[PDB]
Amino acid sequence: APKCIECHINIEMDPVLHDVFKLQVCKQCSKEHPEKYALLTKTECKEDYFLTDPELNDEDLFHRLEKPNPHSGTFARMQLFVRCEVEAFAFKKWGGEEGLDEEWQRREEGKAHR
């Protein structure tokens, strides 16, 4: 009977992280580690990791969870990604947390100047 990979104790996994993101991880351990397991909207991914629509729209590249748009159900569906997947890609894209910090610095100086 397989144990949550963080706590090594629990056997009931979080249904979304298990089912959608293929992570053997319990709900509690997920709350106790947002550095890995927090879900981000598509807008957060663009803003916080400078990903783009081509990347995030790629189903072979990220798992995602769709929900109704909380602003109005007649709006485009919300999409949530799991931080570790995202943050792995961003780092590979930009060269670790350092390289990403630089990109953040770069676009920052861009708009100050504009």
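Just count from 1 along the sequence shown to find any residue number.
On average the C-alpha atoms of 97-105 have higher B-factors than those of the other stretch, with 97-105 and 6-14 being the two compared. According to the PDB record, 46-54 carries the higher mean C-alpha B-factor of the two stretches 74-82 and 46-54. Ranked within its chain, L40 lands in the lowest third, by CA B factor from the PDB record. Remark: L61 belongs to the highest third of its chain, ranked by C-alpha B-factor as recorded.
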